[PDB]
Every structure is written in structure tokens, then in C-alpha cells.
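S.K.: Sharing a structure here in C-alpha cells format.
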Amino acid sequence: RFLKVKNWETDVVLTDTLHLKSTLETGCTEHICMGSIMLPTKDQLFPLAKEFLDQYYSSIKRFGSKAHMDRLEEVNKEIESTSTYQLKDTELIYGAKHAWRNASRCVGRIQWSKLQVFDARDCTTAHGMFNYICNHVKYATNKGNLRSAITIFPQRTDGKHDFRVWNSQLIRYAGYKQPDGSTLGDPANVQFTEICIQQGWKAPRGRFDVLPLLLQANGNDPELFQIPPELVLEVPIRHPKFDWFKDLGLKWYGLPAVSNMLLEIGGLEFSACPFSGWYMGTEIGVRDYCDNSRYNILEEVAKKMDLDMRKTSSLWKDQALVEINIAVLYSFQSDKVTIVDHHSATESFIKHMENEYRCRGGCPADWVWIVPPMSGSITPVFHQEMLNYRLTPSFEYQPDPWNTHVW
Amino acid sequence: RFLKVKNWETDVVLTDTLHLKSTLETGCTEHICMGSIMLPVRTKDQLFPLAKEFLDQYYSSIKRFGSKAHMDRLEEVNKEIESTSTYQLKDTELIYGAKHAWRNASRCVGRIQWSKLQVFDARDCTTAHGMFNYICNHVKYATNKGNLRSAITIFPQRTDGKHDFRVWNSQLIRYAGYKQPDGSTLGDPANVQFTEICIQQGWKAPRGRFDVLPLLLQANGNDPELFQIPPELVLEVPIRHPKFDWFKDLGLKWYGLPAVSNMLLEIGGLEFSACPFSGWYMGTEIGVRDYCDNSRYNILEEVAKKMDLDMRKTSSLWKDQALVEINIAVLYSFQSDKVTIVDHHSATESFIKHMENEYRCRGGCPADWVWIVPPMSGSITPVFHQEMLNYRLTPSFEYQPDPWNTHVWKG
Ligand code: HEM
Ligand code: HEM
Ligand SMILES: C[C@H](O)[C@H](O)[C@H]1CNc2nc(N)[nH]c(=O)c2N1
Ligand SMILES: C[C@H](O)[C@H](O)[C@H]1CNc2nc(N)[nH]c(=O)c2N1
Ligand SMILES: CON(C)C(=N)/N=C/CC[C@H](N)C(=O)O
Ligand SMILES: CON(C)C(=N)/N=C/CC[C@H](N)C(=O)O
Ligand SMILES: [Zn+2]
């Protein structure tokens, strides 16, 4: 019941005790493992609140102090009365840093404690949300020297007054279905792109159109807004040895900023909480560019390289994959936009795991997400056993608002 | 109740009911997933149920469930168990059993082939020398001059746990590992311990980078014995690259026949502790893992040096570039010598088709995603995007401890 994890390349064995503090369910049972599935009252609120405050006061070496006992009463009285409660700033900051700390799918968590938290709980309108977001984007972009940040909008009330960013990331490219049957731009965003168009956006109908923000305050209908282009840092993609690479016409944006998730802290639900850090190269080079259902450029790149595309066993896909990812790296580096390669990231995450094992007694890690989608086994995370479990505070998925929202 | 898996690339949704016929445990609980953990004397008491379940399966497969021959077989197994404590499989039940253990191996990407398996019945074997003869026949049959054929050889089942047949090698064919006084390793570092055991048992070691290990064989719970596979039976392939002429001068080769020999086969509750089986290699096994694991041959530096890559920063992706070239070389070398091999694109595509067939015909297909997805180019193979349910079905192959860890030395 104290569990061991072995690294098979180093034989380093770590003992996990943090899992016993585990809260939610995984989706697995003793009969069936669901490891590779993508999506596997006043009465409820007080336990959740207490559980959170207890770990907060423990973290600041004040467990069982009068300041602890007092906050616990003050929160309880506020729930008994208002049916919700408000977090102190210090708790909000702790809660967000820790939700990132607990994110089992994030390889970048060595960074978890440098998070700039922007408290937007005073926001009331879409225009206000727009101001907050532009500010986050500029702050985080930092002219290419990216800094992690989250912006937190007001917490859920009766669930008819939700704040929501409808975008899946603050910045993403448009996707359009054509008469052709094919898809122009990013096919991941086809549906959102049509919701924007349906709302009244004028699409340039190109390959890399930055989507408009679609913002919903206090449960109202959402509203379109263009992010000032001078705030959207983008990198043209070239290759350090293939001169023709630039003619492929590829670019990507510098700032990854997930915006459709829900932050839960002490039973409280923050349904609009966009956060951002910086890219690992493979996210763009392998997934965004090469997934068959994304930009799908392997065919075209291989041609420019004059590889034998006649049989799979030439490994032409694999060969092209590497060059594309060399190119993503080289470009961001050339332009001084922060980016991390998969070797460095995974090495860092291993050191993070070791840190957490000795300091916290463990680290929840979803191996399926942690191992990069190229060159898996030449990264140390491949050989690392990982235990996956759910801790709060957390980031959780939540339904796309268009299936829910009342118009 | 039914369970769905989705392919995120095609939106194809599958429904699994087969997991309902699982009972063995996974290592996971509702609070912890152990999906990436490598490793997460039976009495009459347990035995008849395990026998019954298996024979109910066998008899349904052959469309004879509830038949007179079905019922008589249950009754006869029942009587044999109570009289003798154990029972013997018929030849047909053994064949069906070994095939189904392959079919249910959730870590095998090659299962499209599950029904084409040559079963060698070595249940009459009594000595190590007898084991050696059986294994040679296996290797010559499976090898077939490069045109590989899947096969398994099944030595007598466990009785009291004191009379076990064991193949002490982890594969029938594999290279020696030698730890030097300077702390480096010559040959394969995966095989250092087993190599040391062989030497202690009397093996004269050539001490090279690719010495084919001797078979170390145990019959009927006796001290195991050494045997040299005849070299003319060991197909090996020198590794060269179609465009890099210096590649051959690295001096790499590999054997063509992968044959796992240290697993236990369970059929209707019986335990076959020596059951070596073989098919053919997926290229990444040798190219990615055997050559490129840091704990294995570890050739990335030597290779990349030769390619004159920028080795001064990881972000050149010099490792990734050399890895691809090494894998191209492995597949080129095998195909040029007409030894069967499969690339990872081809093997994963076939597996997805196998998997869907199995959902439609069988009601499911247990798969372990962590193992199925190849250790290079993960997401450009269709399995990466395929959700999978992992669970334990019988008949099965299982791990078992290395025999030097349990064996009582006779002398
Ligand atoms: C600072 C640099 C960071 C790096 C290099 C990094 C790395 C990654 C990578 C590679 C993924 C997989 C994403 C995908 O495959 O789509 C990921 C997922 C995740 N990251 Fe991090 N991350 C970083 C910062 C952050 C921050 C600041 C937060 C929250 C405050 C965070 C929370 C998460 C969450 C919740 C997921 C899973 C998203 C999902 O399930 O779709 N990351 N991260
Ligand atoms: C026909 C050619 C075959 C191919 C291309 C194939 C493919 C693979 C690959 C790539 C692995 C992963 C091995 C590793 O990473 O160490 C594997 C594992 C496995 N395969 Fe297959 N296989 C084939 C035939 C068979 C046969 C004939 C059996 C037994 C009847 C079998 C049963 C297994 C089992 C039990 C494992 C798990 C081994 C372990 O956990 O260490 N395979 N196979
Ligand atoms: C089916 C499978 O779980 C799915 O493809 C996962 C696998 N691993 C992943 N890993 C990361 N980092 N990102 C992803 O989107 C996925 N997709
Ligand atoms: C800890 C981790 O599960 C381990 O390294 C696994 C991952 N996936 C694998 N997949 C295959 N095919 N072979 C392996 O040896 C491994 N190793
Ligand atoms: C916000 O999370 N971070 C910092 C990150 N690197 N990646 C997030 C998801 C981005 C997505 N994989 C993409 O490729 O755009
Ligand atoms: C026995 O299973 N088969 C046929 C197979 N392809 N792989 C078996 C293990 C081989 C091991 N990974 C190796 O590289 O030697
Ligand atoms: Zn699990």
C-alpha cells in the first residue's frame, strides 16, 4: 500500500505515499485498466473546503493554529449562510500553483511554483474578460521570453451564471471546410470556426488565421473580439539546412494557452481560468503539423526531401518527422521565443519527479501523456514507471459550452 | 454492461463486452492506475473450476457446447483431478489453448497472426538433452531459411512445483554480456547476469560483442544443463545502411528469430513453465531498443559521430536523426537477406484492423497501450490515437521469476 516505482534504465526505485491522500476516481478498476481513455450543495462544499484549508495551513507551517481554526469557522459560517465562500488571495494563489502541481498529464511541472496568478474575480463583462486576457497574453509573451500565467475569472454560482472562454486556447488558427471536401487551416477548430462565423466574424479564409476570442460573462451570450495582432507573437518556420523549407509557408504561434478547462479549489469551480506557459517542440512539429487529422504535412515535406514514399519501410515519414521538428526548434530559437525540446523537457520532469518523491512523497503522472509522441524510448520518461492518481486542487475537462449554453 | 473506446483520428467508436469475462486483477484500483508498471503448487480446490471454464470455452469455439462429448469430457477431467490431483489436455485443447494465450496477450502488437501458430507438443520430454533436441527442431522449423514461421514448443506442465521444466535463457537466441574490470560492458548488458551464470556452469566464453549464448536447460526440476545451439541453425543478419557505406563498419549484426522462452503459459489452470514461442521481429525492437537503449548496446553516440551531426545540443535532434538512420538500416538489412521483419507502420496498421475485427467478432480485444505504441514515432502510427482497454483473459502468458532465484541446487 506504499507503492514502488522503478526506473528501468537507472534502477532507481521511488516509494510513493502521496497516493493515499488521493481524492477522486481514476476510471480504472481491478478488472480493467482505462489508462489510455482520453475522457475516462452546502453538504458537499464544507468537507471539500476543510480538506483544502487543512493542506494550505499545513503548507505554511500553521496546522492547528488559531489562525487555522478561525479561518475554518469563518468559512463554515460563510457556507452555512451564503452557500458558497470566497478564497483569500493567498489561498487562491496556492490553489492554482497546486492544481498545476497536480496535473498528471503535464511534463512541464518542474516549473509549477513560478506561476503568475492574475485575480480577475472582480470581472463582470465580456469586454472586461477581453481586457484581462489581452493583459495576460502580453505579460506571458514578454516579447518572446515566455512566463507562465493563469487568469482566474469569478467562480461558479448556480451554474446559470458561468464565466467561460469558448476558445480551446487563447490563440489558435481557423479551420474551414471547402467544396473541395478537404480542409483549409486547422481541422481541429472547424466547428468553433463556424460558431465564430455564425456569430459574425469575417474570416480571411487562409491557412493561419488567428481566431477571434469568444467570451461569455455571467452566463450571458458570448461576444467576439480580435486580439491585437501586435500581441500575437508568431514564428515563421524555416530549416537550418533546407532552404526550400520556408516555401512550405508554415508559421506557428509562440504562446500555448489552454483556456477551456475548469479549476477546482476547495470545492469551488472556476470555469474560466486560461493558463499558459511555453511549448515543447513536439506539440507543434509532431502533433499539430503531422497528425493525419491536423495540418498533416508529412506527404508534402517528404516530397521536397525526395524520399522514397513507395513503401512504409523506407521510414520516410520518420525521416521527414525529424527534420520538421528540427525546424520548429531552430525557428523559435532563431527568433528568441522560448521553447523546449522533448529531451530537455523529459530530463527536467525526471528531476522534478525525484524532487516530489523526496519532498512530497510522490508525483501523479500519466505515462501515456508524458512520453513524447516521437522518439519515446530515447527519452528517460519512457523507462520511468509512473503512478497516476487525482489530487485536488485540480484542472479538469468540462463540456464545450455550446452544447450546454442557453441562448 | 458495455464499454466504449474511440479512435481520436477516425472517430470510430467500439463497444467491448469481452471485458465482462475477465476475473484476474489488473494492478489498478478506482484510486490508482498502474498502467505503466512493468510487473503490477496448485491444489484440486482451485483446479476444477479453472478446468471447467476453459473447456466451456473450447467447446463453444468448436460449436459443441453442451454436447455429449462436452459433458463426458468435463466428467472425465473431474475424475482425473480428484484421482490424480491434476489432468492432461487433449492435443486439440492444447493447440487451442496456446493460440488463445497468444490472442489474449494484451502487450502483443502482432496478434493479427494469432490463429497461424505451429504448436509443438513436447509433453513427452524427460531430460535436458530431450529439451535441447526439441528446441533445435523449433528453431530450424521457425527459421525456415529466413521465411519465418510462428511456433511454440510446450514442455510438460508443473506438478508439485518441485519438478519444473525451465528454459533459463530469456530468449532461445540472444548475445552474451560481459562486465569488464573497468566497469564497461562488452556485448549485451541485458544479459550480463545470465551470461555469468552460464560461465559458472562451465561455458567457455568467446568474450566478443555478439556471442550467441548457450541454452541452459532444466528438466523435471533437475539442475539445468548447457548446450550449444548448432551455429548453422542460428540465422544472423549483418547490419548495413542503403546509403551510408560506413555503417557496415560499425560491425553490427542481429539474429533473425525472436523467441521468448521465460514466460509461463496457463491453460485451464495448468501451468507450463517452459513454453518458448517465436514469430518475427518488428524493426524497432532491434533498431530503437536493442541498439539504442542506454542500458543496451547504446550506439547512438558512435552512429551520430559518424554522421557528423551537431552533437553539442540536444535540440539539434541529433539523437532522433541517428535513431531513424539506424532503424532504416535494420529493415534494409533484413529485407535484403530475405529474413521476415515488419516495420512499425505496417505492424500498427495491421493491429488496428485486427483489433476492430476482434470487437466485431469477439466482443473485444485487450490491449496495453503503453506496450502497443512503438518506441519511436509514436503518434504517426494509428495505435497512438486508439483508445484501448486492458484486462486479463485466460489462457494467458505470464511472467515468472528467474529460475536461479528459486531453484534448489542438487549438485
Ligand atoms: C511552462 C512550460 C510548460 C511546458 C513545457 C508544459 C508542457 C505540457 C505538455 C507537452 C502537455 C501535453 C499537451 C498536449 O499534448 O496537448 C501539457 C498538458 C497540460 N499542462 Fe503543462 N506545460 C507547461 C506549463 C503549464 C502551466 C503553467 C499549467 C497550468 C497552470 C499547465 C497544465 C497542464 C494541464 C492541465 C495539461 C493537460 C491538458 C489536457 O489534458 O489537455 N502546463 N503541458
Ligand atoms: C508474428 C510475429 C510477431 C510480431 C511482429 C510480434 C510483435 C510483438 C512486439 C513488438 C512485442 C513487444 C516486445 C517487446 O517490446 O519486448 C511483443 C510482445 C509479446 N508478444 Fe508478440 N509478436 C509476434 C508473435 C508472437 C507469438 C507467436 C506469441 C506467442 C504465441 C507472442 C506473444 C507475445 C507476448 C506474450 C508478449 C509480451 C512479452 C513481454 O511482456 O515481455 N508474439 N510481440
Ligand atoms: C488514445 C490516447 O489516449 C490519445 O491518443 C492520447 C495519447 N497520448 C497523448 N499525449 C499527449 N501528450 N497528448 C495527447 O493528445 C495524447 N493523446
Ligand atoms: C515503465 C514502462 O512501462 C516501460 O519502460 C515499458 C513501456 N512500454 C514498453 N513497450 C514495449 N513494447 N516494451 C517495453 O519493454 C516497454 N517498456
Ligand atoms: C498551457 O499548456 N502548455 C504550456 C503547453 N506547452 N501546451 C498546452 C497544450 C498545447 C497544444 N498541445 C498545442 O500544440 O497547441
Ligand atoms: C516472441 O514475440 N516476438 C515474435 C517478437 N517480435 N518479440 C519478442 C521480444 C523480442 C525482444 N524485444 C528483442 O528485441 O529481442
Ligand atoms: Zn489503470
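Don't worry about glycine lacking a Cβ; one is built from the backbone with ideal geometry, like all the others, and counts go over all protein chains shown. Each reported figure results from applying straightforward, stated rules to the coordinates on display, with no laboratory input.
S.K.: Which residues, taken from the stretch A:17-54, are within 24 Å of A:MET353 (Cα to Cα) and crowded, with 18+ Cβ neighbours inside 10 Å?
M.R.: Scanning the stretch A:17-54 gives A:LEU18, A:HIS19, A:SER22, A:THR26, A:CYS28, A:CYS33, A:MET34, A:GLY35, A:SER36, A:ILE37, A:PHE52.
S.K.: Here is a further query. Would you confirm whether or not the stretch A:353-374 contains a residue that is surrounded by fewer than 24 Cβ atoms within 10 Å (Cβ to Cβ), of a type in the set (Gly, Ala, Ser) and within 30 Å of B:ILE37 (Cα to Cα)?
M.R.: yes
S.K.: Additional query: When you scan the stretch B:30-74, how many residues do you find that are part of a loop (DSSP other than H, G, I, E, B) and either within 16 Å of ligand 4 (Cβ to nearest atom) or within 14 Å of chain A (Cβ to nearest Cβ) (or both)?
M.R.: Qualifying residue count, the stretch B:30-74: 9.
S.K.: May I ask you to verify whether B:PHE334 is more than 8 Å from every other protein chain (Cβ to nearest Cβ), buried (at least 22 other Cβ atoms within 10 Å of the Cβ) and farther than 30 Å from A:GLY35 by Cα?
M.R.: Yes; evaluated as a whole, the condition is true for this residue.
S.K.: Looking at the stretch A:298-317, I want the residues that are closer than 20 Å to A:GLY249 by Cα and have a partner that is surrounded by fewer than 16 Cβ atoms within 10 Å (Cβ to Cβ) with Cβ atoms under 7 Å, at least 6 apart or on another chain. Which pairs are those?
M.R.: Going by the 7 Å Cβ cut-off, the qualifying pairs are A:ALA302/A:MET309; A:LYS304/A:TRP244.
S.K.: Right, next: Scan the stretch B:86-106 and tell me whether some residue there is surrounded by fewer than 17 Cβ atoms within 10 Å (Cβ to Cβ), within 16 Å of ligand 7 (Cβ to nearest atom), within 14 Å of chain A (Cβ to nearest Cβ) and not aliphatic (A, V, I, L, M).
M.R.: no
S.K.: Looking at the stretch B:307-315, can you tell me whether even one residue there is crowded, with 22+ Cβ neighbours inside 10 Å and either at the interface with another protein chain (Cβ under 8 Å from one of its Cβ atoms) or within 16 Å of ligand 1 (Cβ to nearest atom) (or both)?
M.R.: No; the residues of the stretch B:307-315 include none that is crowded, with 22+ Cβ neighbours inside 10 Å and either at the interface with another protein chain (Cβ under 8 Å from one of its Cβ atoms) or within 16 Å of ligand 1 (Cβ to nearest atom) (or both).
S.K.: Can you tell me how many residues within the stretch B:337-346 are at the interface with chain A (Cβ under 7 Å from one of its Cβ atoms) and crowded, with 24+ Cβ neighbours inside 10 Å?
M.R.: Of the residues in the stretch B:337-346, 1 are at the interface with chain A (Cβ under 7 Å from one of its Cβ atoms) and crowded, with 24+ Cβ neighbours inside 10 Å.
Conditions (1) within 30 Å of A:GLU385 (Cα to Cα); (2) within 16 Å of ligand 7 (Cβ to nearest atom); (3) in contact with a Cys (Cβ under 7 Å, 6 or more places away or on another chain), marked per residue:
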residue	(1), (2), (3)
A:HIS19	yes, yes, no
A:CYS33	yes, yes, yes
A:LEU39	yes, yes, no
A:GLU74	no, no, no
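S.K.: Any idea how many residues of the stretch B:91-118 are outside any helix (DSSP H, G or I) and touching a helix residue (DSSP H, G or I) at 6+ places or on another chain (Cβ under 8 Å)?
M.R.: The number of residues fulfilling the criteria is 10.
S.K.: Read through the list (1) more than 12 Å from every other protein chain (Cβ to nearest Cβ); (2) in a helix (DSSP H, G or I); (3) closer than 22 Å to A:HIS31 by Cα, then give the number of the only condition that B:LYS79 fails.
M.R.: B:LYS79 satisfies all of (1) more than 12 Å from every other protein chain (Cβ to nearest Cβ); (2) in a helix (DSSP H, G or I); (3) closer than 22 Å to A:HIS31 by Cα except (3).
A quick yes/no check of all residues on (1) within 15 Å of the chain's Cα centre (by Cα); (2) within 25 Å of A:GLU234 (Cβ to Cβ):
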residue: A:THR82; (1), (2): no, no
residue: A:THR90; (1), (2): no, no
residue: A:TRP100; (1), (2): yes, no
residue: A:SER113; (1), (2): no, no
residue: A:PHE118; (1), (2): no, yes
residue: A:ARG121; (1), (2): no, no
residue: A:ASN131; (1), (2): no, yes
residue: A:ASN142; (1), (2): no, yes
residue: A:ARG147; (1), (2): yes, yes
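S.K.: Also, I was wondering about something else. Among the candidates B:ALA205, B:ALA176, B:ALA128, B:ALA190, which residue alone is of a type in the set (A, V, I, L, M), within 16 Å of ligand 4 (Cβ to nearest atom) and either within 14 Å of chain A (Cβ to nearest Cβ) or touching an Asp or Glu at 6+ places or on another chain (Cβ under 9 Å) (or both)?
M.R.: B:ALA190 is the lone residue from the list that is of a type in the set (A, V, I, L, M), within 16 Å of ligand 4 (Cβ to nearest atom) and either within 14 Å of chain A (Cβ to nearest Cβ) or touching an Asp or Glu at 6+ places or on another chain (Cβ under 9 Å) (or both).
S.K.: Another question, then. Residue by residue through the stretch B:347-363, note down the ones that are facing chain A (nearest Cβ under 10 Å) and more than 19 Å from the chain's Cα centre (by Cα).
M.R.: B:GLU349, the sole residue that qualifies.
S.K.: Within the stretch B:384-406, take every residue that is of a type outside the set (A, V, I, L, M, F, W, C) and assigned to a helix (DSSP H, G or I) and give me the one that is farthest from ligand 6 (Cβ to nearest atom).
M.R.: Selected residue: B:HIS385.
Okay, residues lined up against (1) away from ligand 1 (no atom under 14 Å from the Cβ); (2) within 14 Å of another protein chain (Cβ to nearest Cβ):
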residue	(1), (2)
A:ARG238	yes, no
A:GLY249	yes, no
A:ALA257	no, no
A:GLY285	no, yes
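S.K.: Any idea which residue in the stretch A:259-279 is farthest from the other protein chains (Cβ to nearest Cβ), counting only those that are closer than 11 Å to A:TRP166 by Cα and within 13 Å of ligand 5 (Cβ to nearest atom)?
M.R.: Checked the stretch A:259-279; the qualifying residue farthest from the other protein chains (Cβ to nearest Cβ) is A:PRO274.
S.K.: Looking at A:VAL340, A:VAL286, which one is under 22 Å from A:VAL190 (Cα atoms) and out of contact with any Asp or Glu (no Cβ under 8 Å at 6 or more places or on another chain)?
M.R.: Result of the check over A:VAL340, A:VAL286: A:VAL286.
S.K.: How many residues are within 9 Å of another protein chain (Cβ to nearest Cβ) and more than 27 Å from A:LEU45 (Cα to Cα) when one looks only at the stretch A:380-407?
M.R.: Here the count works out to 7.
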